[PDB]
Structure formats: structure tokens, C-alpha cells
Amino acid sequence: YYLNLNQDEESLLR
Amino acid sequence: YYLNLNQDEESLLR
Amino acid sequence: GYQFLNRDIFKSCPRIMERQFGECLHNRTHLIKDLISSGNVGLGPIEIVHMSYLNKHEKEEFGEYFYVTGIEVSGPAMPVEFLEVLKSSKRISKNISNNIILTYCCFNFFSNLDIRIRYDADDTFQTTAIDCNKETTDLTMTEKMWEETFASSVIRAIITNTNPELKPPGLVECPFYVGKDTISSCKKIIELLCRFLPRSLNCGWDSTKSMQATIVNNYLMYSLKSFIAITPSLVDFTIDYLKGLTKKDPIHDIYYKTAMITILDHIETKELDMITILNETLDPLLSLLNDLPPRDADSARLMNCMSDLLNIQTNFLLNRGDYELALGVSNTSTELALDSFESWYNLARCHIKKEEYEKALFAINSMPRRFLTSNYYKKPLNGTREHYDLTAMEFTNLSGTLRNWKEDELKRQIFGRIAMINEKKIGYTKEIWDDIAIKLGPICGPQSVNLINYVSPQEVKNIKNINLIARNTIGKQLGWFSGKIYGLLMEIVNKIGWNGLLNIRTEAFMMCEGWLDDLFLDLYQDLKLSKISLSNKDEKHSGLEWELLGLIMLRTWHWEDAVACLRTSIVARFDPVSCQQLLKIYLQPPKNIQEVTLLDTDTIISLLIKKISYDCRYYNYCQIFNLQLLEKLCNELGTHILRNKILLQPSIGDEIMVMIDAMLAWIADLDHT
Amino acid sequence: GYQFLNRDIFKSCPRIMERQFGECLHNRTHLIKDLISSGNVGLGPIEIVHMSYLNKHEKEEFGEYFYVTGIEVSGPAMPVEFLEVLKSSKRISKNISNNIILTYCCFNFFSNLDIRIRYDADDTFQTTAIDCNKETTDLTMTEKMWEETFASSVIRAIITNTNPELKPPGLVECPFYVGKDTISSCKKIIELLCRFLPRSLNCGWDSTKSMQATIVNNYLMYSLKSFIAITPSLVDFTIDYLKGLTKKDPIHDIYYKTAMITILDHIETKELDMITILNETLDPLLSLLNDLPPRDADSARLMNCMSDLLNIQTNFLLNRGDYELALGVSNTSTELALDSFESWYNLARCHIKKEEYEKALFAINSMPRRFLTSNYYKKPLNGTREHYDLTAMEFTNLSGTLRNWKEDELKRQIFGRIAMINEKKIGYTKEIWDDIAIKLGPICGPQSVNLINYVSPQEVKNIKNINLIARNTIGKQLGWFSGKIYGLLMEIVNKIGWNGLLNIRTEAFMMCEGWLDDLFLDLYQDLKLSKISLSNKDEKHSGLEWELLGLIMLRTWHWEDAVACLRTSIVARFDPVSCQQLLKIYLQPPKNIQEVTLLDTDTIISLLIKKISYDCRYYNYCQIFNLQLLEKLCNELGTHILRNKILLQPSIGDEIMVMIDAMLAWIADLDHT
Amino acid sequence: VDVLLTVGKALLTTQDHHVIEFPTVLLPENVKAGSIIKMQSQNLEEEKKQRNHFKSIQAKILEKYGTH
Amino acid sequence: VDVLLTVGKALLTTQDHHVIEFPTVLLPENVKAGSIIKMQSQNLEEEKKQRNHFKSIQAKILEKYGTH
């Protein structure tokens, strides 16, 4: 899923 | 003939 | 999403310090000239990015560079985007000038031009086409030559990625197959390779698997098969595209039809289609035959192709048990190509299956017989030696161009003359990145078939069975050629034992040689090694010993013992070599087992995550093989359950899930067409 | 008797003045070295006698020499006797020293040794064997090498005498066949040649009649046949001697048997014996055949011999009209020797006689393809130019060694640098010696086939028909090879005319070349020339013109016209060339005439006496041919009537009768055994 | 064809004495001076057996693994 | 003998795939890549016909011009 992908990247930033 | 031969040679000498 | 990932990959590239400025570009140019004046350029050199810096104190220019694949050179846009990211994200000290020159080099082996895109500090770029044989020559770039640079980069990226022995340490492999629309991006690549099929003989070939490049045996055909293997939903599309090409370009029909057969090969659904196309391709072709006293250099080109298509047929028939029909095809194939290894190989297989061992051994007897890189890398050897070949000035300059890195952290990641930094940590797991991958290092090149040359010298010396090493060194290595012959011999001893094999050898002598005798003795020693039981009254054995023993057990078809030994080699430390062998077994099982599952999916998924993490540490973000394995796991588990099992792994986190979810999303996109 | 004659011959030898002292011996030695290092010595150089004189006023040494054959070198006795006569009969002036060195040189081509007998003024002699390749070498003489010098001198004397083109001007030819007992002397010569038959391939051969030396085609076999031809009463003796040799030396049986067949060939009495021996020689030999994959250099030696014996058989069968049997033999002969001219020649003859002209012409198409001497002689050219190349000092020295000669008589007999003096006048007739022989001079060497190069240039220019000359020059000369082919072509035009011959040539083309075309055109021109009627309304034509026309008429088989033209060429002046052709016609008539007598014995005897006289003038006292002709005349006339007719000749006298009665006595001696 | 070339030997010879020159030493050790051969050699009729055999095998494969 | 050597071509091949290499270019222009030949060639039986023929002709000559 591309949603899961975006969620990981949004969380990588912390 | 060898006699003829000798006769010629005996006469050659003159 | 994918753009986020790509930019992160672009920001995480390593750095090699040039000894003397510009040596990198001069060595490349000289390498290319040698390749051209040797007759076989092949794929040419891997792409490089060169960075030109100015130290200001000292008025020294100095350079950094790294190798990269997977940037699509459709035109200049994508390399320029890459360079723009590199420069905009730079972190440099006051002593380093802001005036930096960036250069991207992509070799085009269709025209033997090295295409170089220069990017300056004023954000201007220029493209230059260099001919290395004609030296002073620089050209103007047409759309036709842009397209063959594109095809060059894609072919090279696929071939390099699927062959670790061709990889230099620190190689950055980008996921060329991702884009805004996945299906469209994949179609564009496939159509590109298909349109270049008439020129596939100019794409080079692997000389270790075939003597000459053929329509079947060349890098373009290999790369197309490797890419289709991870896009199974696009096979019908590709076959349709190839049929369209035949309509428009019938003069090159043999190439398009050979690609069709190659694509459909080893796909059970499409066996009828493959056989049908094989039929309508082979029994004209049989007719360029006879009419020909002229013998022309294209006749050998087509006899080769006809022979290779018959081999595909022969292999099909053997796998279905049709031994009589296979022998009829194989006999014909051997006549058309007495120079072909594969024709003799399949002939021997036909005789073995028919239990005609003498005739098989005759066929084996009547059978025909590294890019100077890598000075810059020094192996850690499991933390036993220091791996640092930089001068103080070279380190000062490196640090100056990597200002955001604290310097002792930077020095710990230098392996010889290359800084193995991975900033964005995509694919990171603590277990792998902060431990085992620091030891060992990148596992690539000719030494990567096992870990003998990567561990401590002491661990090698602690192995008491010398044969374990002697039968696993790198020169001795079976080679693809004799590995195949080894397999035939093993197939024979499986039926009649080694002593039976010897009796056939004298039977063959009765109606003798040396290199085959070498294989016989090697085979014998491997068989003795294969029946070593390696414990209790409780000794201890290193992971390396279990690995090496596992490799030998694979070689002698002891599958249960092999998997068991390879798994125990991973119990100690993670073992990339053992891991890859296990993944390979799961992907393509041995045929002679009774449909046995040697490795359950839970075991495989555990190994796969570690392997993906390891590959990411040293910049393999392409990972075609692991994609293949993920696809297989998706097939038999479904994507939901698969992702559950991945989330269960104890080492899992955001950094590794970025990589995995990107892979899963790409795969999910493909299941729509 | 014979000793009187021999001594008279020894006292009548000419003298050549050496330009610079010793050039004669140094040129001889150098010639021999060239012969040896060219591979084929052949018979080597003719014998010489060298005379070393001292002028005393001037303290100049100077030399005189002359060429000689027919001295038997059994050992040193006979050459020494010759030298003793030379020195005891010398007539020298006061200015010439009495200390003279005399040297006799005889080359031995069996060992390539030049044997030199030196005779000093103290009447001592010494013999020396010189090897010219090993330069400084001088050897000791064994009886074995004395015997091969003997055989060398006899072979060379016979071959030289029967081939005027090999004769230098002024050559002294002694009658080697005379002795105290004629029969014994002849037997000794025959036995000598017979015992050397195993070595006949080392005696050289005539390359103009055969490509390689064979057991049949070599100088030893030729010399034996030529000598037996004037000793017909010794044939049975010789056959018996050869049979004895086979008993004692059976390893060389093929040589002895080949000699037997050769001797009996063309003798009507012994045709049954020849055929019988041919049979028992040919049908083993057929069996060294088959057993032989080794192919050895003796196999070509024997295939050649077998082929040559079949040719003898083929020629026998053709002459008896047995054309079918001849073709069977000739076909076999051509297979064993495709390199043999004679095999193809006889094959063509078989087809011609069978009126298969196309096949004959194919055989002709499929057919395989001077001792720097004589500076010292200048031709008189019929008294039109002066022939004197001596310096005043050279003449003074010559006169000083010939004191009994009055000096203007001496100068008139000098032809260039050789004094053609004949003191004892054996064979003298006034008509010949004091007129015609003074003009023309010796008729020998390659120019002796006609008188074009011997008469005045004006007489040549006065011939208006250029073709008469063009078809009679010395380079154009038919050669023995193409003379034979010419004969075949003539044999064909005899049946179907020249236009018929052309039609066969295109028939052959239908199943083209140049040298055979040359013969065709030559043949055509000769045929046109042959039908010239050369008189009345009373012109005048020189003797040379009649001669040349006669030669062409012989060539085109116009026998009646040829004899008529040749005879009229003698009416003017005596013509040695015309004479020899007429004598030859009488000795061996053309086969295609109706048993016609072209020349009666009275005409022949008249010509023969003049010819004998002419030959004697310039020192031919051997005259094998004229002996042959005398023997034939004796056969059909008896010796009494023959001698009557000789005495009737108007030019006859004591000097010519000494020669003739010596010849007749020798012949009479032979009719006893 | 169908000839018969008698040897002297490399030179061969026909009955009608046409001379073909073959194999300076490539000619066998099973041939002799004045031996007879029997040339021809190059049968280009048996090229269609294996074309038939080839088409037949291809037909059997198509029948068994291609159609219905 | 009596073989049948299929070509790739100079290399020939038997049915049992033994490979004899003949005539780099001495092989005819009447032979093709993947053409079949029919070697053998060298008949050493017809050497006695002409031996018989030879002896017969010699016998006829002896009979007619040699004996009584």
C-alpha cells in the first residue's frame, strides 16, 4: 500500500 | 684387309 | 512516496577519495579505449558521479566519486535532478569553495560513446558525447542516441544487479523501475528493450555460459527475462508488443519470436503458447538450410539460434519425462552447433535419463572448452584489522565536504579510501547495520561465493579439515561450465554410485584425458565431505565451517543436510552467503525432491528481512532477486498475512519498513492490468 | 698398322694458343665446380692435352692446348704413350726451351674426380686425382677408380662422336675401338659398359629426349647401343655376358635385362628373343606394385623403367600393324608415367593409326613440357673475312713450337686462335682439304644443322624467300621434343590434310592454347614451302637455297623432292649438311615408301668418301656413323665390290685409302666370331 | 558422380587419361602408386530424410503439447 | 568403408556424433552447412582387374611374337 509507505516516511522525520 | 692397310702406309712415306 | 525514497537514496551515497585529481575520469577513458581496441566492449563501465572540490587554504583541487546504476537516461532530466539534489543538500566547511563541478557519466555501448553531463555551481548544465577511440572527438546528441544511452543504462543496471560478482564495493543501485505510474514505467522499460532486440548481438554476452553471443545468449535477452520475471502480469502485454513489432519490422522476425519464447519459458500457464510459437519459428528456419552453397556469416548466426531454440525444446521435453522425443531434438541440435556447450550438455542429459551412461560420457568428452577495479576498498575482516588508507590532508578534505558528520563517526565508516556513509538509513536495522555489516562489509565481486576471504584469518585457520577450504577457495571454484558437468556426473552417481561412474569411464575408454579426471576426484572428495556428521560429544564449530560444509552438501544434492548446515551457520552470526543460498532454495527448489518444503515461510521471511537490510546498508536499493521472492511470498500467503509476518520481526522499525512497503506497493500496483 | 695410324693421328693434332698462361686448366676446374654444385655433372668436360712452353728471350711461360676423345684410360699407359709421341716428335726453335710440361686431363664423372697425368722433360710422369669441390684435395688412384675413368672416357667418346652439336671446333676424336686384336678390344669395351650398368643413372642423360634419367634413358645405355650398332657380330656374346652378370649380381637384374632388350631392339633376327625377355622382365615388375603404401624414391625409378619397356613393346606392335594390342600396352604405360613424353607420344601414335584423330590430339595436349666453350675459333665464312685473332708475340711463340711449318702456310690454317694444322694428312683429298673445308670450316655445335651461319652473309641475303631462312634458323629449330609432335601432326595431315587437322583441333576444343598453335602455323608454312618448284625459265639458285628447301621437304615427308634438292645443293659445292642427310636416308629409310631406293650405292659411296675426307680434315678419326654405313654397304655389296667402287672415285689416293682400309680391316676382323 | 581415378601419386588419372591432382599428402596411407580409387562422395539426396525427420518430430511435439 | 558425415563446415559429424575435420576449403562448392555426405572412395579391389588385363595382354604378345 502507498498509504503505508507515506506513513513510514512521515514517521522517519522524527 | 690389313695387307691393303700396310701397303697404303708403306706408300704414304714417299 | 517514490520521490521521497529516491531523494533519500541520492542523499545517502558514499564517497571515494581520488588520490590525484581527475584520475577517475582518465582511467575511465583509458578503460573504454582498451575495451574498444580489444573487440568486445560488452556493457562497458558502470556509471560514475564525479565531484570536483576546491580546498581554499591550500590551493588544491581535489575530487570525490562513486559508482551508480539505475538512473534512467531517457534524456538529461533525471541525471540533472540527481546532481541538483547532490549540490542542494551539500554540507561543507568554510575552507571548501561553494564552486563545485558535478559530472555524471553514462556509457553507451551501442555507439561506443561515453555521455557526460556536467553540472556547475551556477546551476547550468551541458551534455557531451565522448568518442574514446577517435580521442579529440565530442558530438551532438540526437534523440536516437539518447534512446540507446537509455537502453544501455537499463540493460547494465539489470545485468549488474543480478550478478554480484560484477559489483564493486560501494555500488549505488537505484530502483529504476519505480515512477509516478508503476505500470507505465514498467511498460516503457519493456518496450525499450523490445525495440532494441534487433541489436541484441551488440549488447555483449557472458562468455562463461556461451562461447559466442547468440540471439538467445546475450545481455539484452537476459535483462529482458530478468525484468519480466518480476513483472509476470505484463507478459501478455509484452507478447502483444512483440507481435506488433513483427508486423512493422518482419525482417527481424527471428529476434522478436525468440524473445517471445524466452519470456514464456518456465511459465506453466503459457506452455501451449510457447510450444506453438516454437513450432512456427523452427520449421521455416529449418529451410534457410539447403539452398546455400555460398556459406555466409549470417548462416552461423542462424544455425546458432536454431540450435538454441531446439535446446529450449529439449529441456521442455526432459522436464515432462518425454525422453525419446527429447533425444530426437537434441541430436538435431548438436549437428547444427558442434561448438555449442549447451547442445552437448542436453544430449548428455538425454542419455543419462535413458540410462545410457556411456553415451552420456562420450558427449561430455566431445564437448568444447576483471575490469581492473577496486583499489579503493579495504575489508574489515571481522574487525581484526584497521581499514584506513587516507592521508591527513585527504581526511581533512573529506570531512570538509561532509560537515554534518562528526569526524570520528566518519572515520569509523571509512573502508580503505571510501567513506561508506549511509545518511538517510533506508533499510536500517540495528542488528545488521550497527554490527554484522560493519564486520565483513559488502559481499560482492568474485570472492562473494563464500565468506572465507571476509572473516578473520584466525577463523579460517581454526578449521581443521583442510578439504573444507580447498574445496571452497576462489580459483578452484567450479565455474559455470564445469559446474554443469559436475551436475551431470552427480546425476550419474545418484543412480549407480561413484564406483559405477568409474566403470562407465573405462567403458567409454574401450569405445584418456585430464580436466575431467580433475572433476572426478573433486566429486569424490566432495562426496566424502558430504557425509561428515559434525557433532556430539559436543565440540564447537564456527559459522564459517557450517557454511562451507553446507555449500558442499548443496553441490552433492544432500538438500536436507545442506539446509540444516546453512541455517546453523546463521545461528552464530548473520551469514549473507548462507542466507542467499537458502532464499534461492525457496525461490527455485530442487526438482528431485518429493514436493518437500525445506523452509517454511516464517523462516524465509525472517531471513529475507535481514538480507534486505544488509543489501541496503551498502546501497543496493534495486534488489530484483528479493522482489522476486516477495512476489512468490505474496502469491502463496496474500499480501496481508505477509505484511503481518514482516511486522512480527524483532528487528523491524520505520527505516526498514520504508524500503519494504515501497517494494510491496510496487508489486501491488502491478496486479491490476 | 693401327699403331702407325694412331701415331700419325697423335702427330696431326691442332694447337690452341692460351691467352694467359694456365687459363685453360683454371677454367676447366671452375667449370667442374659449377657442374658439381648445380647437381648434374653429366659427362663432364671433354679431355684436354695441355702443353707448357718457355720462351727464352722474353722470360715468358706460355701454353698451348687442344681437346681430344678416344684415348682409353685403362691406366696411365696409353695417355703416357700419347704424350711421349707428342714430345719426341716436337719441332721447336732455339728460343723455345726443351723443358716442356705435358698434361693429359680425363674427367671421371663416377667420382667427380679430374684425373691429370703430368709428363716432364726428364721422361718422368705422375698421376693426380683432383676433387674440385673439396678444392685442395689430391688423391691416390685405386684400380677401381682407374676403371671408372676408363668407362668415363669411353662413354664420353661415343656420346660426343654421335652428337655433332656437342663437339667443339678442332676436336680430336681417336678410334678407341682399334687394337692389336680387334675382337678382343671390342669385347673389353662392351664388358666394361655392361659391368657399369648398375651405375648408369649416374652417367647423366639427355634432357631434350627425356625429363629424368631412367634405366633406358641415360648416356651409358645410349653409348652401349651406339657401339653395338657397329659390332652386330658381338650381340650374342653381349647377351651371354649380361646373362652371366645376372647370375652373379641378381640384385641389379633390371639393368642387365633392360640392356639385353635395348641391344636386341631393331634387330629383325632377334625379335623373338627380345619379346621373350621383355615378357619375363615385365610381368614380375608388374608386382612390385601393390604391396606398397610406403611410396619410396625407387618406386618412381621402377615405374619409369616399366613404362619405358612398355614403350618399346608399343613401338614394336605399331610397326607390325598390331594397333589394338599396342593401344592396350600404351594405355597401361601412360598410367605408370604421366610425366613421360614418350608414353603420351606413343599413345597419340596408337590413336592416329586407328584414325582416332581427336583422341590423338588430346594426348598431345595432355603432354608434359652450352658448356660456355669456343671463344678461340673464328669461322672463315666461305673466304669472305679474315680469321686471325693472334698477337705478334703469340704467333712468334706458335711458330717457335711448330718449327717444321713454314710460317705463311701456318698462318693460313689459323682460324681465330687455333692452328688447324693436320700434318700427316690422313684422310686427305685435294677437292675437300685444299678447297671446300678451308671455306666453311668444321661443321659442329648447335649451328651445324644447316649452313646458314657458315657461308657468306651475301649468300644468305641473296635468298629472296625469307621463309626459307625463317623456317631454318637455329633458335626456331624444331627441337627434338616438338620435332616429334610435328611428326605426329604431319602424320595426320597426310591422311586428312591441314584443313582436316584444323577441324580435329576444334573437335578437341568441343571436348585453347599457344605453343601447339605455333607448330600448326609452322607446319602450314612448311607445307607451302614444300610445293615450290624452283626453276625453268632458267633462274639460278645457290647451293644454300637448295639445301634449305631440301631440309623443309624432309620435314614434310616429300622424300623424292627432298633427295633431289639436297643432291643439287652438292652439285655446286660439297655440302656437309646435305651430305649427312642423304647418308642418313640411305642408312635408315623412311618407312612409308613402297620399298623404294632413293639413292643407289654408287651415289652413296661417292658422298661417303667425301664426307669421310671432310671429317678427317678436322680430326674426326672415330666416325661411328660412317662405320655403320660402310657395314651396310659391305652387307649388300660384299667387301670386294665395295672396295672396287671406292677405288673408282676420282679424288682417291694413298692418304684417304689409309683411313678407309683401316676402317674396312676393322669391319672384316669382326666377321669371324 | 561416379568416376575411377588411377594414381601415380597427388596426381590421379581417368581411363581416358584426364588428370586431376588431389591431396599432396591429405590422400590416405591406404592408397598406393598405381592404385585405383572410386570417387563420387557428397550425396545430397539424403538431406530431405532428416528434413522429414525434423518436420515429423516437430509435428509430434505440436500435437502433444500444443493443440487439442 | 561406408560412413555418412553431416556437416557444419570443415568439421564433419557422424550419426553418433564423432567429428572428423576435413578440407578447410578443399571441400567442394557442392557441399553445404548442414549437408550430408557419403564417404568411403579408395576401392582397392579393382587393382587386380588391370593386373589381369596386364597379364592377359602380355600373354597375347608372347603367344603371337614369342613362341611357336
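Order of writing sets the labels: A, B, C, D, E and F. Residues in every chain begin at 1.
By definition in this document, a residue touches a chain if its C-beta (ideal position, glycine included) is under 8 Å from a C-beta of that chain, and two chains touch if they have at least 3 such contacts.
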| item | value |
| --- | --- |
| Remotest chain, subunit E as reference, centres from CA atoms | B |
| Subunit A and subunit D, separation of their C-alpha mean positions in angstrom | 122 |
| Subunit C and subunit E, separation of their C-alpha mean positions in angstrom | 49 |
| For subunit A paired with subunit F, centre-to-centre distance based on mean C-alpha positions, whole Å | 85 |
| Where subunit C touches two or more other chains, by residue | 289-290 |
| For subunit B, residues contacting two or more additional chains | none |
| Multi-chain contact sites of subunit E, meaning residues that touch two or more partners | 6, 30-32, 35, 47, 50 |
| Chain-chain contacts as defined at top | A-C, B-D, C-E, C-F, D-E, D-F, E-F |
| Subunit F partner contacts - residues on subunit E that touch it in the complex | 4, 6, 23, 26, 28, 30-32, 35-44, 46-47, 50 |
| Subunit C-facing residues of subunit E, complex | 47, 50-51, 53-55, 57-58, 60-62, 64-66 |
| Subunit B residues within the subunit D interface of the complex | 1-2, 4-6, 8-9, 11-12 |
| Subunit C to subunit A touching residues, read off their complex | 1, 4-5, 424, 643, 654-655, 657-658, 661-662, 664-665, 668 |
| Parts of subunit E lying in touch with subunit D, wherever the complex brings them together | 6, 8-9, 11, 13, 17-19, 29-35 |
